[PDB]
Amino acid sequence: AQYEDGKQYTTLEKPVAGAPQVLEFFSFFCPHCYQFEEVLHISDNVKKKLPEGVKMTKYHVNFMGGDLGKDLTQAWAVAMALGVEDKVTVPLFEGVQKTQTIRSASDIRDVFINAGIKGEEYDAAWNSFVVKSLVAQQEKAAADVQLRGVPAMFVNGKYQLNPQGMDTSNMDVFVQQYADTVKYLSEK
């Protein structure tokens, strides 16, 4: 058919009840994730085509980058809690992969300070139980699908995007095929 299980998406054999409608996972250590976000703008283009009433959730993962990877999951929790994802995503990706200036939790904190988050505000969030809970929520969602690779996107706990089955000769066409597939899946 036009959209086929095994081509543009795969189907989870253990569907996850109560999962977010559209769930993206990434790591700031993940090279394809840098491409998805900084070059292809996958999340934004998926969001822009989602049906009314379908919201997007994006979570960081621990399994890349050891200690610093876990610090980045916690910092992503701070970003979600403060609502500053759109201020820190670019400098976190560039700090880890472009300039390689993020080597410690303090260096992560510097990105937030430079982005205008006050030091007391960042530190209060970093140490908060609201943020511990958001870390737990990120870990649980990844565990629910036994996640071992990023980038990854899941729709309604049932379907997983399969970008490896899409033509990569034109970036723009690839992005809208991916977004159109997410829309299709959300309408199933």
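Heads up, when I say rigid core I mean the largest set of C-alphas that superpose within 1.5 Å between the two forms. The first residue of the sequence shown is number 1, and the count goes up from there.
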Which of these two stretches, 52-60 or 138-146, has the larger RMS Cα offset in 5 other deposited structures of this protein when the rigid core is kept aligned?
-> 52-60
After a core fit, does 163-171 or 8-16 show the bigger CA gap to the shown form in 5 other deposited structures of this protein?
-> 163-171
Mean C-alpha B-factor comparison - 179-187 and 1-9, higher one = 1-9
Compare the mean C-alpha B-factor of 12-20 with that of 168-176 as given in the PDB entry, and name the stretch with the higher value.
-> 12-20
When the CA B-factors of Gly157, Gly65, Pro151, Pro31 are compared as recorded in the entry, which is the largest?
-> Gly157
Out of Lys132, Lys70, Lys48, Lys140, residue topping the C-alpha B-factor column of the entry = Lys48
Where does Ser128 sit by CA temperature factor within its chain: lowest, middle or highest third?
-> middle
Record-listed C-alpha B factor of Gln146: chain third = highest
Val61 - Cα temperature factor, lowest/middle/highest third of chain | lowest
